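Chains, contacts and geometry: an overview
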Amino acid sequence: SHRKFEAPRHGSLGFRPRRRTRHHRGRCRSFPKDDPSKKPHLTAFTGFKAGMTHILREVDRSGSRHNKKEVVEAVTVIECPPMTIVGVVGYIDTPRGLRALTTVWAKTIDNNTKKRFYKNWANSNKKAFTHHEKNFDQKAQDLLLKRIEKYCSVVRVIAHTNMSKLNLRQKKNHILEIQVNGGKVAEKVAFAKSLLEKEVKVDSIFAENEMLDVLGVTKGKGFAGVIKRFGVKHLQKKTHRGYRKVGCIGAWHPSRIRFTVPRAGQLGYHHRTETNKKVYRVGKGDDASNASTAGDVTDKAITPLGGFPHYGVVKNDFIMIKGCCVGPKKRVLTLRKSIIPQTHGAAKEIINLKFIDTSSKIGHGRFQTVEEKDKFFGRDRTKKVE
Amino acid sequence: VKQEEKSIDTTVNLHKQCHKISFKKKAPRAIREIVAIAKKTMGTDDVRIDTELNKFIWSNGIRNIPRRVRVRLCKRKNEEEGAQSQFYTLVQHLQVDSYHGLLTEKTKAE
RNA sequence: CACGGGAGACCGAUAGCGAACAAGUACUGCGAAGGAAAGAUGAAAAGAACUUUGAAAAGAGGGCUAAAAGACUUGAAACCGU
RNA sequence: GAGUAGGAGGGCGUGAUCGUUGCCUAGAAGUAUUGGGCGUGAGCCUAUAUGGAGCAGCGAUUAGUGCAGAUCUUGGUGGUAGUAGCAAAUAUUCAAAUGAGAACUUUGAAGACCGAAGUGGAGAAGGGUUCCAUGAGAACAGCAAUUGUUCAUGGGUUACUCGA
RNA sequence: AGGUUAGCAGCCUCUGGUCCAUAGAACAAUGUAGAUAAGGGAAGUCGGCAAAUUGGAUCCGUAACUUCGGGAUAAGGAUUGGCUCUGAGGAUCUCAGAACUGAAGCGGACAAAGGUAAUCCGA
RNA sequence: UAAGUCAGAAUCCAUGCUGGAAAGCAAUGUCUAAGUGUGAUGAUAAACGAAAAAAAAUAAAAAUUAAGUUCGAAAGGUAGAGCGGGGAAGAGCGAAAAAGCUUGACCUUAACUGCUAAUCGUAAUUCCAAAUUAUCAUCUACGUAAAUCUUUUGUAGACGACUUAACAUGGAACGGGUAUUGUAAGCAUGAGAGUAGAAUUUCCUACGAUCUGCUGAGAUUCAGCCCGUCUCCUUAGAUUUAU
Ligand SMILES: [Mg+2]
Ligand SMILES: [Mg+2]
Ligand SMILES: [Mg+2]
Ligand SMILES: [Mg+2]
Ligand SMILES: [Mg+2]
Ligand SMILES: [Mg+2]
Ligand SMILES: [Mg+2]
Ligand SMILES: [Mg+2]
Ligand SMILES: [Mg+2]
Ligand SMILES: [Mg+2]
Ligand SMILES: [Mg+2]
Ligand SMILES: [Mg+2]
Ligand SMILES: [Mg+2]
Ligand SMILES: [Mg+2]
Ligand SMILES: [Mg+2]
Ligand SMILES: [Mg+2]
Ligand SMILES: [Mg+2]
Ligand SMILES: [Mg+2]
Ligand SMILES: [Mg+2]
Ligand SMILES: [Mg+2]
Ligand SMILES: [Mg+2]
Ligand SMILES: [Mg+2]
Ligand SMILES: [Mg+2]
Ligand SMILES: [Mg+2]
Ligand SMILES: [Mg+2]
Ligand SMILES: [Mg+2]
Ligand SMILES: [Mg+2]
Ligand SMILES: [Mg+2]
Ligand SMILES: [Mg+2]
Ligand SMILES: [Mg+2]
Ligand SMILES: [Mg+2]
Ligand SMILES: [Mg+2]
Ligand SMILES: [Mg+2]
Ligand SMILES: [Mg+2]
Ligand SMILES: [Mg+2]
Ligand SMILES: [Mg+2]
Ligand SMILES: [Mg+2]
Ligand SMILES: [Mg+2]
Ligand SMILES: [Mg+2]
Ligand SMILES: [Mg+2]
Ligand SMILES: [Mg+2]
């Protein structure tokens, strides 16, 4: 039988097998094409998913349905506290592929990062890096860096997510490789060195109206029936075993089931590299103004009234992206630059922000600020304080 | 360490502890929950639930359970002939008007 | 066929009458009628005194006896543990 | 010097009978063998261990005389497998007591059900001691049990007017 | 037996009986049973299978057809609580009025028909 | 088009992306108690120079047809000699799988000289090197780092697994915030269709659904909300790897 009516297949094979991921923070298995063009720049950065809100902007984009009008768009806020830089890593090109030549550690590696090497810090004598400390010889380090200059193709910085800046349970930092793209190996190295034992800010990396990539883990949905997993059409509701099955696992020949036919299994907790997310804002955890606009002219912090649900208050700096990104609130994410710098329209679009909603998300909120709720109910907390 | 007779007043939150438990099993499960809080706190594998406390848990039937209980945890020397643990914990029902001010505390001399 | 006698190039406990035995029995079927399984401790009970650990079964000591042969002669195979 | 169907000639191994030659409480038969050998092969001899009363050769006589099968008979055992499963009939909980041991026994304290078309009180048919009391090892009561419709021991069924 | 009720229905109770159905914990897929889905409204399917709608009582209103019995709850349209008063039916418990009051709800659970027009059989 | 060249597809290969127990590899943190500890027995699809570094070109060149080369090669001893051979430390260089090359305390050895070879009886592997590693036995060290279970989190979950915490930035309880419902109980010398009684004759009293004020109240709100806390519980035990 030639199958009766032809419809497309029920999942993308490039997304299988469907099992869970080993990579918990993002893993970029490519860093953007390297160009000699520009001084060495830092390739990606790490952040955490805080919440969503909506925005009212005005569109200058010409030819669009929306030219010169107000649009409201969904937005995700990602808290981006400063990353620390710990080490440098040289890579050699070998006929079997790239290889790690060496890692240059600083003198300063703070306890929380050391936590990485341990399952529990406090029941341990905390012996990590001791020998690197007592034996530390700046000369040797310089020698290693010179080494890297001599033999190396690629240079990456070993980077430090400082978790102590957030309020979450996990205090144990994150240890990343962030590759360095810049013209000459030597300068890459110089740069890397300049970085050691210092703190890097998201501004250093990402700009506004810049296009982003987000790397991370989908929310885990556990063991999934076939309908939820690949979205098969459900069988006739009259069906004897049950209807949430696929009807035919396969034809007689071949004598087995192909890897292509959908089946039960795990859905969720995969790694995704999502491309071309726009940066609507980058803001400093210092501005109490950071959530407001030229159009607003009043104090606003991005943190929604009653705080981001299942996340917290955002005291640190942040990036605010157009739309949604992978994973549940509090999932760390790696924001990487676009493999090739994006030249298309949406990427050129200059963004004019008018409203940023600070309204509570725990319910349907009508108050943008405590001051508002209070004026409304005639309770002054500044009055109760007095 | 020495292990001494102890007593501690605490509000168990049944709304929380029993949350989303199947109806026919709520009340009973409230009890197991109390009993476990006894164990974790006093470190006694012998816990005893006072009649009154039980009565109060069940005072609303199985489905709908009082949302808070003020309890006293007594730790006492096990003076029995057959003696397994040196100690046992009595869970006692304390009557309250408003639970709203309460903390977990060492029972106070009155 | 019944009660007796004696015998056999019969059979020898899945054989020989169905029944070596509380066998036309136990058991089944409204009923007419159906109908099995089941023999061997040792010469002699001498059938395991007593000590010990166990709530108890039982174990470990200790003993009977030519031997534990101990719910019982020999003790194969399949299967199972070391 | 091939060989199915088939036929012929020799031989191996098993009861019992008439002979003949013998072996065994100084250990027969049977049984186990990674002990030693004999036959091309049916099969044989020995050794060691176990066993504890009968055996064996040779010549003939006779046959209920050789099994891998027949969805073969009867009996005994595997893998599946500590798997399928133990989910109808709304429900249980606390303290004390008893016991080696208590979610499953007894008292009390709570919460629910049958809701007088009953999960109540009594009969006919059918059952036949299942009734009562005391006691209780195993088995049975598909978890459990200190409990029982189970086991052991004793005891219970009174009529002129009920029925035959 | 009581309450509700047309009711020996259902639902809830008192007398009497019972908690006996192996248990604990997690809470995935698939399932068994139970419900609810914005917009459309059988496009699903051999087929409206299944589900949904309807449902009591009082007042209105009620066709063709016909064996004049029927059809007939035809079809269809309204009302239903609470509270404060008023009048009528009887002996030596029913019925009707008026006013006020609520998120215009009120047979609030329980109980409880979906219609219509044709064709074929068999009275 | 035969050599030789350009253009050139939703194709192919890559790039990007998901796996990646490929019984693949690298960089790095800490630890491996005590010694470049010894003894005996063993195994390794293959030890007896199992010897050996130009690069490139095959229609090149002035000129060489074969690794059909070159180097090493003496007694599986002793005593001297010493051409020569091998190398500590440290300092140099060296990365495609860092294999090693230089220097160098020092360690060693060939000609030549003397002993020693014979009875291993006319053969029977010429049992010795190098790189690895198993087992048993023992001497010294009785330590160090880390993990797991009994906890914890819900960013995960059928169970394992996973993210994360470890005397408190944890868990409990509580305070505040945010939010849902929609104005709780109790009062009222306030309103309320209308009725009854007293009272005195333009009222009092009782009953009364409901309205109104106190009241945008009351209740609930992490068990997978947010912020915070004086208080309470967790400081123990067992196990595993290098041993
Ligand atoms: Mg296709
Ligand atoms: Mg790559
Ligand atoms: Mg989807
Ligand atoms: Mg099935
Ligand atoms: Mg006891
Ligand atoms: Mg006792
Ligand atoms: Mg014994
Ligand atoms: Mg014997
Ligand atoms: Mg075996
Ligand atoms: Mg015979
Ligand atoms: Mg003898
Ligand atoms: Mg013979
Ligand atoms: Mg013997
Ligand atoms: Mg013969
Ligand atoms: Mg046979
Ligand atoms: Mg056979
Ligand atoms: Mg079987
Ligand atoms: Mg079943
Ligand atoms: Mg019953
Ligand atoms: Mg009865
Ligand atoms: Mg009775
Ligand atoms: Mg269960
Ligand atoms: Mg719908
Ligand atoms: Mg319609
Ligand atoms: Mg509609
Ligand atoms: Mg139907
Ligand atoms: Mg009529
Ligand atoms: Mg009608
Ligand atoms: Mg009609
Ligand atoms: Mg009315
Ligand atoms: Mg009226
Ligand atoms: Mg009205
Ligand atoms: Mg209605
Ligand atoms: Mg119809
Ligand atoms: Mg009919
Ligand atoms: Mg080309
Ligand atoms: Mg193709
Ligand atoms: Mg009043
Ligand atoms: Mg609270
Ligand atoms: Mg819970
Ligand atoms: Mg908190």
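Residues numbered from 1 in each chain as written, not as in the entry; some residues may be left out. Chains lettered and ligands numbered in written order. Part of a larger assembly, values for the part shown. Heavy atoms only, no water.

As summarised from the PDB record, the model derives from X-ray crystallography at a stated resolution of 3.520 Å.

Residue and element names in this part refer to chain A. The tally for this structure, following the rule as stated, stands at seven aromatic pairs over all chains. Relative to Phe 129, the ring of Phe 117 lies with its centre 5.8 Å away and its plane at 75°, an arrangement referred to as edge-to-face. Separated by twelve residues along the polypeptide, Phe 117 in the loop between α1 (111-114) and α2 (130-134) and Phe 129 in the loop between α1 and α2 bring together distant segments of the chain. Classification of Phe 129 by relative accessible area gives buried; the value is 17%. Ring centres of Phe 308 and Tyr 311 lie 6.5 Å apart, and the angle between their planes is 90°; this geometry places the pair in the edge-to-face category. Here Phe 308 matches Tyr 311 in class, with each residue buried. An aromatic cluster is built from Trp 105, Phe 117 and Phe 129, whose rings are joined through pairwise contacts. Above the plane of the ring of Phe 230 lies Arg 16, whose end atom (NZ or CZ) is 4.2 Å from the centre. (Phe/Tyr/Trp six-rings, centres within 6.5 Å; stacked < 30°, edge-to-face > 60°. Helix = DSSP H or I, 4+ residues; strand = E, 2+ residues; numbered from the N terminus. Buried < 20%, exposed > 50% of the residue type's maximum accessible area, 1.4 Å probe, protein only. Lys NZ or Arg CZ within 6 Å of the ring centre and 35° of its normal.)

Residues and elements named next belong to chain A. One finds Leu 42, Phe 206, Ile 319 and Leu 335 to be the most contacted residues of the largest nonpolar core, which totals 26 residues. For this core, the secondary structure elements donating two or more residues are β4 (83-94), β6 (154-161), β7 (174-181), α5 (202-205), β9 (211-217), β12 (271-283), β13 (318-322) and β14 (332-337). Considering every element that reaches this core, the biggest residue donor is β7, with three residues. Leave out the neighbours within four places in its chain, and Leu 335 touches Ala 44, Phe 45, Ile 78, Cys 80, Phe 206, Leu 212, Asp 213, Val 214 and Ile 319. Ranked by size, the runner-up nonpolar core spans 19 residues in total, among them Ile 55, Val 77, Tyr 280 and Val 314. (Core = buried A, V, L, I, M, F, W, Y, C linked by side-chain atoms within 4.5 Å. Contact = heavy atoms within 4.5 Å.)

Surveying the vicinity of RNA strand F reveals 97 residues, the closest of which are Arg 27, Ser 30, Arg 169, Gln 170 and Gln 266 of chain A. When atoms of RNA strand F within 4 Å of the protein are split into backbone and base, the sugar-phosphate part holds 78%. The separation between a phosphate oxygen of RNA strand F and a polar side-chain atom of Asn 167 of chain A is 3.5 Å. Between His 100 of chain B and RNA strand F, the recorded distance is 2.7 Å, taken from a backbone N or O atom to a phosphate oxygen. Top element by residues in the surface near RNA strand F is strand β5 (residues 97-105) of chain A. It accounts for six residues. Of the residues in the surface near RNA strand F, the class split is 26 nonpolar, 36 polar and 35 charged. (Near = heavy atom within 4 Å. Polar contact = N/O pair within 3.5 Å; in protein donor to acceptor, adjacent residues only side chain to side chain. Nonpolar A, V, L, I, M, F, W, Y, C, P; charged D, E, K, R; others polar.)

Residues lying three or four places apart along an α-helix face the same way, a consequence of the helix completing one turn every 3.6 residues. Residue and element names in this part refer to chain B. In this model, helix α2 (residues 26-42) (17 residues) spans 24 Å end to end at C-alpha, consistent with the 24 Å of a helix rising 1.5 Å per residue. The set of residues buried in α2 consists of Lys 26, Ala 27, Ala 30, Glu 33, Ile 34, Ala 38 and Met 42. Buried residues in α2, looked at end-on, bunch into an arc of 145°, giving them a common side. Exposed residues lying more than 90 degrees from the buried face of α2 are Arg 32 and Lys 40. (Expected span 1.5 Å × (residues − 1). Arc of directions from axis to C-beta.)

On to the protein's contact with RNA strand E. Around RNA strand E, the structure places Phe 223, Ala 224, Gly 225, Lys 238, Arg 241, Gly 242, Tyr 243, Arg 244 and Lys 245 of chain A together with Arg 29 and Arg 32 of chain B. Contact between RNA strand E and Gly 225 of chain A: a sugar or linking oxygen at 3.1 Å from a main-chain N or O atom of the residue. A distance of 2.9 Å is found between a phosphate oxygen of RNA strand E and a side-chain nitrogen or oxygen belonging to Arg 32 of chain B. Across the surface near RNA strand E, the residue classes tally to three nonpolar, two polar and six charged.

As a further point, take the side chain of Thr 10 of chain B. Residue and element names in this part refer to chain B. By the element assignment, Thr 10 lies in strand β1 (residues 7-13). Among the polar contacts listed, one links the side chain of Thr 10 to the side chain of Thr 104, at a separation of 2.8 Å. Ignoring any residue separated from it by four or fewer positions in sequence, one finds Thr 10 in contact with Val 69, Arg 70, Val 71 and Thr 104.

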